[PDB]
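K.L.:
3D model of this:
(one chain, ligands or ions: 1)
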Amino acid sequence: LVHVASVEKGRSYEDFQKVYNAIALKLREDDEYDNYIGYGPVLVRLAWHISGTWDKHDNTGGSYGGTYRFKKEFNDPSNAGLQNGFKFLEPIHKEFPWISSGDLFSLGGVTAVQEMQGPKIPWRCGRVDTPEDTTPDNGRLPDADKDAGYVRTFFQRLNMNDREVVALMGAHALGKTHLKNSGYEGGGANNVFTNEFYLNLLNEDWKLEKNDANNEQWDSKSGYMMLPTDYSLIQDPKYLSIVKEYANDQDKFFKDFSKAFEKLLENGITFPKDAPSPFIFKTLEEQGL
Ligand code: HEM
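P.N.:
Numbers count the residues shown, from 1 in each chain. Below you will find the coordinate block:
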């Protein structure tokens, strides 16, 4: 399958900066969500789950088609909780009805990372909504109870290598787990994008415990948690080296995360040679807004 990016008619940087700014202003305004974490983390997770359905083998799934708007995908058990992000984006969709659904979902994740003081993430427009029958079946997103070999194999389907996997997982610094969504609980209330996932992995005293859903997770006394798949990144010697690298170099982590996250959000999309260059949006803070 080929999905060619098609720029929303007549739109340019300034139009998408306006959408970014509306998302960013709403992030600031609706600060109470999830015990004052705000919507940033769930928007990052939404952007990832709408992209992470991709299969490199046949170009099914992926962000292009905006298929999360359809019930089969909306109701994937793996997506429990993301409805909160969707609801956040509804007024944005209403104000800017011209932006495609995949563009909106992916731009929500970019805006969230940047407004949380993360790296700049270049972003390209032109995803085009596709019909309900193009929605991927449930079961393409990863399980959390597994080991490093599972993680490694899983991410090959998304064309991600060890460095890209470890970099992407650093998003688990953000937000928290919720027992009712995933069968995992805790992790704090962080809404600042940092390399602390890696520092916490290396420096905390982790205990393997059973949570109230009878699933195993690693807990620290300071309130952080690691999923089994997170902890696998320090069990496997190749992953461990990269964890150490990112724990010791904030800038390197930022740069690698930015590349991997853009790639994730763009998997499956063919950009014409004369497509616009990727946009780098200014934060509200940079604009004095
Ligand atoms: C092996 C891969 C991964 C597994 C198994 C996994 C699993 C999970 C689980 C179980 C939760 C808790 C959901 C809930 O209870 O609300 C979660 C949260 C989260 N995940 Fe992942 N994840 C993975 C990779 C990623 C990647 C690649 C990103 C993005 C780059 C990401 C971003 C997030 C964020 C931001 C949250 C917090 C959401 C919130 O606070 O509402 N995850 N993930």
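K.L.:
what about residue 24, which helix or strand?
P.N.:
Using DSSP states H and E, residue 24 sits in helix 13-29.
K.L.:
And for whichever helix or strand comes after that helix, what's in contact with it?
P.N.:
Moving toward the C-terminus from helix 13-29, the next helix or strand (DSSP H and E) is helix 33-36. With contact meaning CB atoms under 8 Å, 6 or more residues apart in numbering, helix 33-36 is reached by 39, 41, 42, 84, 88, 175, 176, 189. Quick note: C-beta positions are derived from backbone N, CA and C, even for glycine.
K.L.:
buried ones in helix 33-36?
P.N.:
Buried residues in helix 33-36, defined by neighbour count with 16 or more other CB atoms under 10 Å: 33, 34.
K.L.:
what sits against residue 202?
P.N.:
When contacts are counted by CB under 8 Å, 6+ apart, residue 202 touches 234, 243, 244, 247.
K.L.:
Looking at neighbours, which among those residues is most surrounded?
P.N.:
Each of the contacts of residue 202 was scored for neighbours by other CB atoms under 10 Å, and residue 243 scores highest at 22 neighbours.
K.L.:
Ramachandran angles for that residue?
P.N.:
phi -50, psi -50 (degrees, to the nearest 10).
K.L.:
separation between it and residue 45?
P.N.:
21 Å (CB to CB, to the nearest Å).
K.L.:
domains for this structure, by residue range?
P.N.:
According to curated CATH domains, the chain comprises the domains 1-141+261-289, 142-260.
K.L.:
So the longest one, near the ligand or not?
P.N.:
Just to be clear, that refers to domain 1-141+261-289. Yes. Under the criterion of CB under 6 Å from any ligand atom, the ligand is reached by domain 1-141+261-289 at 41, 42, 44, 45, 48, 81, 261.
K.L.:
who are the neighbours in contact with the residue of the stretch 151-289 of the chain found nearest the ligand?
P.N.:
Closest to the ligand within the stretch 151-289 of the chain is residue 175: 2.0 Å, counting by CB to the nearest ligand atom. By CB under 8 Å, 6+ apart, the contact list for residue 175 reads 34, 37, 40, 41, 42, 44, 45, 187, 189, 190, 191.
K.L.:
Give the buried subset of these as a ChimeraX selection command.
P.N.:
Here is the ChimeraX command that picks out the buried ones among the contacts of residue 175, judged by 16+ other CB under 10 Å:
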select :34,37,40,41,42,44,45,187,190,191
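K.L.:
mind putting the contacts of residue 175 in JSON lines, secondary structure included?
P.N.:
What follows is the contacts of residue 175, written out as JSON lines (DSSP: H, G, I helix; E, B strand; the rest coil):
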{"residue": "34", "secondary structure": "helix"}
{"residue": "37", "secondary structure": "coil"}
{"residue": "40", "secondary structure": "helix"}
{"residue": "41", "secondary structure": "helix"}
{"residue": "42", "secondary structure": "helix"}
{"residue": "44", "secondary structure": "helix"}
{"residue": "45", "secondary structure": "helix"}
{"residue": "187", "secondary structure": "strand"}
{"residue": "189", "secondary structure": "strand"}
{"residue": "190", "secondary structure": "strand"}
{"residue": "191", "secondary structure": "coil"}
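K.L.:
Good, we can wrap up now.
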